[PDB]
Amino acid sequence: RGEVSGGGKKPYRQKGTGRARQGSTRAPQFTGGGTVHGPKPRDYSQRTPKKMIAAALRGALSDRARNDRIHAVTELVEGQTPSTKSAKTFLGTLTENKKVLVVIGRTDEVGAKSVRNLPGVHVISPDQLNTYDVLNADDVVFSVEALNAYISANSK
Amino acid sequence: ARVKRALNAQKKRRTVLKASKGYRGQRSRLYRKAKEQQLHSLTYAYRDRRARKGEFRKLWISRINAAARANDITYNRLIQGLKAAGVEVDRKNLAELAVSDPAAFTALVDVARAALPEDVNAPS
Amino acid sequence: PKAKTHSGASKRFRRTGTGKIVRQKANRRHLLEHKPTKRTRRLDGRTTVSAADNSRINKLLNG
RNA sequence: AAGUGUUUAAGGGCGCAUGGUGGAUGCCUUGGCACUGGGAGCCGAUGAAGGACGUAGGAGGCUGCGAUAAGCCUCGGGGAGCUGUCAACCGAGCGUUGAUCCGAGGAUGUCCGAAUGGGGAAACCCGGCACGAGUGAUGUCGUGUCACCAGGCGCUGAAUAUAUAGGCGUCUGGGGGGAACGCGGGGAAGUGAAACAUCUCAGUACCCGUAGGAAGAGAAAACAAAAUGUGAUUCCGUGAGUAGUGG
RNA sequence: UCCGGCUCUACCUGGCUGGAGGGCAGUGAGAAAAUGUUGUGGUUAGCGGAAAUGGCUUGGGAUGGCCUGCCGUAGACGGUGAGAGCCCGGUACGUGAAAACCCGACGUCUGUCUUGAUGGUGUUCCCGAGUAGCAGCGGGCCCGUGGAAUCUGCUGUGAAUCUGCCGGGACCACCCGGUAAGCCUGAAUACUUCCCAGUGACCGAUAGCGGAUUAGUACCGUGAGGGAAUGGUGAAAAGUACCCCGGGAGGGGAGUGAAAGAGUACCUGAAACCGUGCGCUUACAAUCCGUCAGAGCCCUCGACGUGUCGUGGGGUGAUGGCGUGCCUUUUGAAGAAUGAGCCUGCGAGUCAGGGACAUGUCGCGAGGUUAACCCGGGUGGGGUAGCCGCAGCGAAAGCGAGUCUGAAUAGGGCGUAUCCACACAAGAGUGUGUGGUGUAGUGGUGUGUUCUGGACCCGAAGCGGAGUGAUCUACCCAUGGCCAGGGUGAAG
RNA sequence: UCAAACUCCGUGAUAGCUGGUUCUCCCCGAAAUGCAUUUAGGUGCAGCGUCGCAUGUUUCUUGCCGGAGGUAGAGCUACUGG
RNA sequence: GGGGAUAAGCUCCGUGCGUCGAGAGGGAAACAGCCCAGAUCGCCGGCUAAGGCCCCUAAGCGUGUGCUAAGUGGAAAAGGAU
RNA sequence: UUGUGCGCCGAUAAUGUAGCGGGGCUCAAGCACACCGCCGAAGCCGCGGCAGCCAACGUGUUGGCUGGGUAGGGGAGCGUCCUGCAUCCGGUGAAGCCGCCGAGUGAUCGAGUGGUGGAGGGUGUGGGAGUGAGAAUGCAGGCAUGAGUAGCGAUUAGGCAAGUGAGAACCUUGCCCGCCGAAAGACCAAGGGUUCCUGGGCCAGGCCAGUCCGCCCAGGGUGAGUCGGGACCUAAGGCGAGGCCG
RNA sequence: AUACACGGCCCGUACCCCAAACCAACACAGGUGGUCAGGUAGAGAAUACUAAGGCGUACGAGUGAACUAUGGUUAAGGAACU
RNA sequence: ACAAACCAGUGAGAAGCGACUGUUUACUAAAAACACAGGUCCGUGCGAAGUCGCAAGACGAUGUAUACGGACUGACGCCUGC
RNA sequence: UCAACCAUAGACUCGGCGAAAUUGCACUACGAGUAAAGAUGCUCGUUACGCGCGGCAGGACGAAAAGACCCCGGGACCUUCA
RNA sequence: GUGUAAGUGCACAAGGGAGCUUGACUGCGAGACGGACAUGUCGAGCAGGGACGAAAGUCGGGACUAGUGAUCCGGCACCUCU
């Protein structure tokens with residue numbers, strides 16, 4: 001009611017009119033009036049601990065590994081000719097599933113682009129690995145450099 | 001998110017107004033006034049389901065008293081004689097007999113008159 | 001915003017190691033002639049606050 | 001003879017069936033809100049911002065434009081329909097010899113408005129000077145120009161002598177607007193303190209003066225504490241709701 | 001480095017000033033403009049951009065379903081007659097600027113050094129004056145005048161130039177630091193009228209901007225200023241030719257349409273409310289309006305037998321019994337105490353914070369955790385500064401499983417996580433030693449209360465700031481106008 | 001409209017006051033007392049409720065036992081008074 | 001028990017006193033606070049409490065012995081009264 | 001004469017019996033004492049269902065006890081919307097709305113059905129809420145009650161004929177009558193702003209109707225040396241170069 | 001001085017203007033300054049009637065109700081009303 | 001019945017208050033209240049005093065103590081005591 | 001006293017347009033009671049065919065205005081040797 | 001009679017008298033009373049150094065219960081604190 005336009009003046013005398021008491025036309029009960037306890041902009045970012053995050057990631061990848069859903073490859077396709085046909089066929093060999101998480105370095109633009117337009121595919125970098133994407137994936141597919149990067153980051 | 005509440009709100013209204021069919025005036029037409037009466041109506045129904053046992057007992061007793069006094073005995077001494085004769089028949093069925101089998105009622109009256117003492121106004 | 005602690009309560013109350021809240025005792029600043037020394041001794045030092053006042057005192061002290 | 005006995009609906013009530021009003025609900029949207037990332041962060045006396053009045057072949061509103069008036073020139077782009085729109089209809093036309101449309105640069109740009117030739121109830125009244133046009137001449141028309149203040153420069157230098165104040169001329173500039181942010185100043189009260197004045201609210205709101213795209217501050221007459229210490233300023237986090245301050 | 005001319009004058013020797021090689025920088029705070037050439041550097045228009053007329057079926061229509069293929073650096077988002085990667089705009093991706101503008105680069109050009117620096121020895125001069133400092137009154141600093149430094153305004157007074165001065169929280173000494181009273185200075189920082197591209201566990205027409213619509217409009221007000229309401233036919237107007245009733249409106253036929261139960265009053269089309277029709281009921285009755293029982297009537301579903309019965313269901317309700325509305329607030333209201341005409345919508349414990357307390361849960365664990373910030377087109381990875389725990393007692397110095405008090409080994413306070421066993425003292429309530437067990441917090445997050453905030457919502461009279469108003473009204477100023485007719489009869 | 005106009009802003013002024021505060025069921029279940037209060041229609045604490053944790057019959061009832069009282073009643077030539 | 005007129009549907013206290021409050025149901029004609037009794041729901045089953053059993057109104061114009069003549073019952077004082 | 005059990009008087013208000021709740025009761029249906037049965041509650045019992053606490057035994061059944069409830073505390077849930085994920089339905093008709101037939105201890109449910117309708121929804125598991133209204137003399141819209149009720153706006157007064165027209169108390173024409181006549185006439189200013197005129201119209205407006213209109217539409221209409229104003233003058237007062245003050 | 005020939009600008013000008021067009025939310029019994037001021041009676045701009053001129057001004061038709069309002073008349077009495 | 005209608009003073013006596021004419025609470029008070037002329041007191045020696053203004057400046061006043069301002073009283077008569 | 005009559009405008013009737021405050025409901029009786037101590041709504045009785053029209057105003061503690069008196073709380077303005 | 005109100009007590013004396021004295025102390029205080037909290041109250045006993053007493057023992061003000069004022073702020077004296 002403070003942010004709404006107007007409503008500064010009392011609409012009428014407090015007494016005499018037979019009307020209810022009012023102090024602003026923009027009060028909440030009024031049509032056109034303020035929202036009492038409404039949404040305001042707020043940041044929902046929880047301040048999650050690092051060990052909790054990492055442990056969740058590792059649990060996700062461990063579920064996938066136990067159920068044999070982690071595959072690894074050298075490269076999704078050959079050099080500098082992004083071929084979604086090739087990537088699709090390759091992932092079809094590796095897995096019949098819809099939901100796939102491709103983990104590849106930030107420099108494998110060719111493989112990224114080749115596998116990008118596939119519907120059930122999500123591409124990520126190993127330094128950005130996350131529980132949500134890993135769990136939304138029915139299968140995970142690392143490049144070898146990306147896998148070993150995750151390994152060498154999480155070992156020491 | 002913002003929620004238009006008509007959809008959840010109209011349900012109780014439909015319920016109440018469908019329950020309040022047969023009511024006169026506002027009580028059948030308006031939620032706020034049908035609601036007032038459904039309170040009273042269900043209070044009354046709860047009360048009356050329990051008073052109905054008493055009312056039907058009252059009725060059965062009236063009929064038993066009638067048939068008994070036609071067989072030349074009071075209700076009280078009839079009940080006394082039946083309890084002394086070990087007749088566990090309930091007043092409902094006694095009334096039904098009084099209406100439908102007056103001969104059987106007379107037989108039970110004879111039973112009770114036998115089972116009664118010789119001086120009902122004595123301490124014994 | 002950070003919750004402020006009540007200044008007077010932080011000046012009049014103190015925690016021990018076990019979390020006991022203690023207080024100095026009144027009737028000791030002045031008018032001490034007629035106050036016998038047994039009384040002033042009783043009023044000396046510190047005492048644990050009452051169970052009744054504990055909640056309010058802890059609220060004031062913490063914020 | 002005595003007794004029993006329906007049958008009425010002027011209208012009403014309940015239910016059902018069909019409708020009407022009304023515009024809820026559901027599903028939408030041409031709109032809006034909060035944000036993000038970038039740009040640009042000023043516009044104005046070469047007349048702004050914002051407007052009045054007009055302007056299309058046809059009445060008005062919005063839009064655009066300005067007596068060159070839904071428009072003119074050039075440079076590109078684009079490519080076949082077009083003559084903005086409410087909103088059609090009529091009547092006219094244009095267009096591959098490239099329209100409409102898009103972008104950039106220019107031109108024109110009435111009148112008001114700082115508004116500035118003078119006046120004025122803003123958008124309308126009256127002019128001077130120069131040049132030019134037009135008239136038998138006066139009238140009339142057009143193009144420029146003509147405010148105030150400051151600062152320079154040049155001439156003059158009152159009472160009055162020095163000389164100055166001032167006056168004349170010329171040149172450069174300002175003037176006003178703008179959502180927020182900034183700097184410097186001024187500075188409440190409701191309120192809270194369960195009263196109230198100190199205090200708080202709050203250096204808030206508001207106001208004033210000023211800017212810049214950022215500002216301000218800034219290169220120690222600083223901190224520090226005996227550590228061979230750090231080494232402009234600003235900002236962020238902590239220190240810490242601590243030390244302290246406080247009717 | 002070279003040359004020249006001065007260097008009062010010519011003569012030997014000491015400084016300056018021009019020219020020349022060269023550096024050194026530059027449109028910058030560090031001096032200032034202009035000038036060109038020039039960057040597939042950018043912005044201001046855009047352009048290209050793969051792949052299905054696929055079959056069958058439903059349908060008005062395929063963008064649905066089933067099945068076939070195809071592209072994919074393009075399955076982003078929309079549109080198209082219904083969920084479209086392959087129909088369209090487009091997307092990924094790649095191209096594109098004549099001119100203007102902005103960034104650069106190269107140079108012209110400008111400035112400066114270039115007669116220059118190098119490193120040493122002992123005295124006089126200078127090192128920012130109405131200043132500092134001091135006093136008085138004030139301001140602001142955590143600091144509310146307090147012992148009140150530092151900083152700072154006004155008024156007075158008023159110094160020193162380095163063995164000088166200022167600050168190091170009154171002050172003095174020593175020591176340290178610095179060198180005021182002169183100027184400039186980018187970046188990190190704050191913001192968005194406006195422009196572009198995008199996003200939303202944001203609204204979706206009583207919402208969301210007041211404004212999806214004529215919107216700061218209409219309207220209100222003298223004025224400042226206040227300030228609305230109004231969206232959806234259909235896929236396409238195919239927007240109902242024509243006939244009939246009618247003055248028209250409106251309608252009926254006919255037609256369009258998939259649908260007119262889509263007819264510019266138009267998607268769906270609730271309720272209040274208004275009617276019409278059918279069934280039942282009601283005109284001897286005292287009714288919080290219903291409930292319980294229930295006659296009769298009507299309808300319906302089954303059965304048998306053919307209309308009476310049922311494990312029945314419904315609508316009506318004669319009649320009998322019982323029965324004092326809802327809310328609020330109250331000792332207590334049916335209450336003749338408050339509020340509500342009805343319906344539909346809207347309308348009130350929410351949000352932020354490493355906040356506080358408690359609790360739950362998860363992680364780790366005597367450790368836990370990062371904040372700002374950095375890198376990441378993300379939710380991820382770094383980040384040890386700090387924070388909480390880890391030893392307390394004490395006013396504190398300080399001491400330390402002890403410590404404070406106190407003259408005390410003499411008791412008490414607080415603390416030594418807790419428990420177990422033993423031993424010794426006691427039975428003034430139990431203690432003291434030994435051994436052992438060995439201490440559990442922290443950060444996320446949910447919940448409940450709470451703090452600061454509008455803080456569950458509504459509500460004053462009134463206070464303040466800045467402005468609008470004397471076209472009403474009060475008074476005044478200037479200038480004009482009006483006061484039929486008849487009487488009385490002052491001074492002079 | 002005047003015992004200090006109006007408008008906007010501060011401002012969602014503050015109100016120990018009034019009103020309102022929207023779905024359900026299950027279990028438990030008060031108080032209207034004390035003290036203090038620029039307090040008395042408010043509030044703090046205690047009392048009373050609930051939940052959780054810990055303890056476990058300590059509660060409560062009855063019987064018996066040990067106890068202190070100065071009421072009722074009675075008495076006053078046992079006091080003070082009448 | 002105080003105050004009050006040993007008045008108030010008065011007021012102020014006390015009472016391991018009650019009920020209402022916050023408690024329905026039955027009785028008391030009706031009637032929060034009296035009596036009975038503490039409502040988990042259902043039943044067209046039974047026994048009871050208080051209170052009642054001529055009809056309203058369920059149950060008795062009950063039995064026995066007396067009393068009452070005033071409709072006492074189904075309000076009332078000092079006091080009067082073959 | 002004593003005491004007692006029943007009685008009498010005292011007795012005495014005002015809407016209406018009205019001091020048994022009523023009828024009526026002494027042929028007690030009144031009082032006392034005994035006695036006998038019965039009625040009578042949501043109490044108790046019986047049969048069945050549910051929930052809470054606890055116990056036992058077994059790794060979910062039985063049993064016991066309890067289950068009124070305001071403020072209030074705790075627990076567990078329904079429904080609405082938006083969402084992550086996974087699934088499912090849908091132009092062979094989703095939602096919403098209206099119903100039928102039903103279901104659940106409750107909020108409520110209906111992947112049961114029809115109708116209407118025309119495009120998005122359901123379910124499970126989590127996440128988040130502008131999450132539930134009957135009340136605030138609440139806000140907005142729509143619609144009732146009063147109610148087809150009051151009123152239809154002065155103090156002058158209308159009438160007839162004829163016409164027009166679909167339609168006339170009201171419009172037009174004519175004739176009468178009546179009203180004003182220091183006005184209810186004529187002209188200006190201020191103010192308004194096209195209301196003027198012509199033609200046309202009649203679903204809004206006009207307090208009825210309406211062929212009429214100050215309403216709607218279109219078009220037309222305002223001609224100045226002398227009128228009222230400026231270009232002439234000044235008053236009050238205002239602005240106010242410079243200026244002073246702040 | 002005469003004659004001839006010429007220029008005389010800008011705004012307003014319709015219409016209502018004691019009102020249905022202005023201020024009054026309305027076609028509102030209110031308000032709105034100025035100028036003309038006929039006749040007969042009459043002192044007169046009063047008042048009555050009337051001319052010129054303009055209206056019948058916008059819901060009507062009826063009907064002997066009470067009652068209300070506005071006007072009128074009133075026996076005898078004459079403020080007894082109040 | 002002759003001012004014929006319309007139009008068009010009611011009058012007298014006394015008291016209180018206020019001298020009077022006027023003004024006033026727009027929208028419940030028109031009055032005995034306010035003002036008034038008249039009176040007294042006080043101030044003011046002049047960009048006075050007083051007032052609006054921070055100041056300048058302005059009014060006072062284009063006035064100058066027979067004037068100006070403020071206060072009280074309120075024609076007039078008799079008076080106005082301590 | 002003491003009121004009667006006449007007209008007109010309304011009221012009444014017909015036609016036309018067409019509000020309002022109010023409103024928890026409703027097939028809204030009376031008595032004596034009872035009750036938050038003044039009852040259409042409860043008890044016991046009595047009375048009452050249903051629906052309208054004109055009228056009256058006793059009640060609906062009638063409508064209107066969140067009582068102005070009183071008190072409590074808070075304001076405002078005013079006064080003063082606060 | 002008990003310093004002084006009243007009550008409880010005191011004759012064993014707590015009442016009256018005399019002598020000596022300063023315990024009308026310092027550090028502490030088991031345990032209790034009372035208790036919303038803050039307040040308040042009693043206290044054996046240990047030590048120090050004392051008074052009285054032959055000694056036992058008593059003495060931390062008064063026969064008891066009232067004779068008083070939180071906190072803030074500041075003052076004074078002392079202190080091996082800062």
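Just so we're on the same page: letters track the sequence lines, and every chain starts at 1. All heavy atoms count here, side chains included; hydrogens, waters and symmetry mates do not.
B:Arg63 comes within contact range of no nucleotide atom at all, as no heavy-atom separation falls under 4.0 Å. Looking at heavy-atom distances under 4.0 Å, A:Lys51 makes contact with sugar-phosphate atoms alone, never a base. At the heavy-atom level, B:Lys83 lies under 4.0 Å from the strands shown only through sugar-phosphate atoms. Residue A:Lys88 is in base contact, counting any heavy-atom pair closer than 4.0 Å across all strands shown. C:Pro1 comes within 4.0 angstrom of a nucleotide base, judged by non-hydrogen atoms across all strands. Residue B:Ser62 is in sugar-phosphate contact alone, with no base atom involved, counting any heavy-atom pair closer than 4.0 Å across all strands shown. Nucleic acid contact class of B:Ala45 (heavy atoms, under 4.0 Å, all strands): sugar-phosphate only. Nucleic acid contact for B:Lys4: sugar-phosphate only, since backbone atoms but no base atoms lie under 4.0 Å from a heavy atom of the residue. At the heavy-atom level, B:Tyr46 lies under 4.0 Å from base atoms of the strands shown. Counting non-hydrogen atoms under 4.0 angstrom, B:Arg69 reaches the backbone sugars and phosphates but no base. Among the protein residues, B:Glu88 comes within range of no part of the nucleic acid, since none of its heavy atoms lies under 4.0 Å from any strand. Nucleic acid contact for B:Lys35: base, since at least one base atom lies under 4.0 Å from a heavy atom of the residue. Within 4.0 Å (heavy atoms only), B:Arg77 reaches at least one base atom of the nucleic acid. Residue-level contact check: A:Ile53 touches the backbone only, with heavy atoms under 4.0 Å from sugar-phosphate atoms and none from bases.
Residue C:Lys38 places none of its side-chain N or O atoms closer than 4.0 Å to OP1 or OP2 of L:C28. Residue B:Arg49 places at least one side-chain N or O closer than 4.0 Å to OP1 or OP2 of G:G42. One finds a side-chain N or O of A:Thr35 lying less than 4.0 angstrom from the OP1 or OP2 phosphate oxygen of E:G208. In this model, the phosphate group of E:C343 is approached by a side-chain N or O of B:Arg32 to a distance below 4.0 Å at OP1 or OP2.
With a 3.5 Å ceiling on both atom-pair distances, the Watson-Crick or G-U wobble partner of L:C10 is L:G1. Base pairing of D:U110 is made with D:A52, judged by Watson-Crick or G-U wobble geometry with both donor-acceptor distances under 3.5 Å. If you check H:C44 for Watson-Crick or wobble pairing at under 3.5 angstrom, you find it paired to G:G46. Applying the Watson-Crick and G-U wobble criteria (two distances, each under 3.5 Å), F:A68 pairs with nothing in any strand. Base pairing of E:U379: no nucleotide in any strand meets the Watson-Crick or G-U wobble criterion (both distances under 3.5 Å). Remark: D:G93 base-pairs with D:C82. Criterion, Watson-Crick or G-U wobble with two distances under 3.5 Å. Using Watson-Crick or G-U wobble geometry with both donor-acceptor distances under 3.5 Å, L:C25 finds its partner in L:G48. Pairing of H:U172, defined by two Watson-Crick or G-U wobble distances under 3.5 Å, is identified with H:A162.
Taking atom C1' in both D:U116 and D:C146, the straight-line distance is 10 Å, to the nearest Å.
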How does protein reach along nucleotides 45-50 of chain F, written 5' to 3' as B (base within reach of a heavy atom under 4.0 Å), S (only sugar-phosphate), or - (no contact)? SS----
Base versus backbone protein contacts along nucleotides 216-228 of chain E [heavy-atom cut-off under 4.0 Å; B, S, -]: B----------SS
When you check every protein heavy atom under 4.0 Å of nucleotides 310-330 of chain E, what one-letter string (B, S, -) results, 5' to 3'? ------S----BBS-BS----
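Consecutive bases J:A32 and J:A33 are counted as unstacked, their six-membered rings not meeting the limits of centres under 5.5 Å apart and planes tilted under 30°.
For G:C67 with H:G30, the Watson-Crick or G-U wobble criterion holds, each of the two distances under 3.5 Å. Between H:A150 and H:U62, the two key atom distances do not both fall under 3.5 Å in a Watson-Crick or G-U wobble layout, so no such pair is counted. Using the rule of two distances under 3.5 Å, D:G182 and D:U210 count as a Watson-Crick or G-U wobble pair. The bases of H:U92 and H:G60 do not line up as a Watson-Crick or G-U pair with both contact lengths under 3.5 Å. A canonical Watson-Crick pair (purine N1 to pyrimidine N3 plus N6-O4 or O6-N4) or a G-U wobble (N1-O2 and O6-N3), each contact under 3.5 Å, is absent between E:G383 and F:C6. Between E:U328 and E:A337 there is a base pair of the Watson-Crick or G-U wobble kind, both of its two distances falling under 3.5 Å. The bases of I:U40 and I:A48 line up as a Watson-Crick or G-U pair, and both contact lengths stay under 3.5 Å. Nucleotides H:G112 and H:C100 meet the pairing criterion: a Watson-Crick or G-U wobble pair with both donor-acceptor distances under 3.5 Å. Between D:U8 and D:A150, neither a Watson-Crick nor a G-U wobble pair is formed under the 3.5 Å criterion for both distances. Nucleotides E:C70 and E:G120 fail the pairing criterion: they make neither a Watson-Crick nor a G-U wobble pair with both donor-acceptor distances under 3.5 Å.
Looking at which nucleotide of RNA chain E each of B:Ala19 and A:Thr84 is closest to, the 5′-most match is held by A:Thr84.
Here E:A426 has a north sugar; its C1'-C2'-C3'-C4' angle has a plus sign. Nucleotide H:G64 carries a north sugar; the sign of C1'-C2'-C3'-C4' is positive.
In this structure, the aromatic ring of B:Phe56 is positioned over the six-membered ring of the base of G:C44, centres within 5.5 Å and planes within 30°.
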Go through the steps for A:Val77 and A:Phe90 under the test side chain to side chain contact (heavy atoms under 4.5 Å, CB included), then give the verdict. CA-CA 8 Å; A:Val77 301; A:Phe90 192 18; 5.9 Å; no
Test side chain to side chain contact (heavy atoms under 4.5 Å, CB included) on B:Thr15 and B:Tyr31; report intermediate values, then the result. CA-CA 9 Å; B:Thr15 314; B:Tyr31 169 59; over 6 Å; no
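Sparse packing is recorded around CZ of A:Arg13, with 12 or fewer heavy atoms of other residues, nucleotides or ligands lying under 6.0 Å away.
Note on B:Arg91 versus B:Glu96: no salt bridge recorded, every NZ/NE/NH1/NH2 to OD/OE distance being 4.0 Å or above.
Note: CG (C:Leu43) to P (L:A38) measures 12 Å, nearest angstrom. Rounded to whole angstrom, the span from the NZ atom of A:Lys99 across to the P atom of H:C85 amounts to 6 Å.
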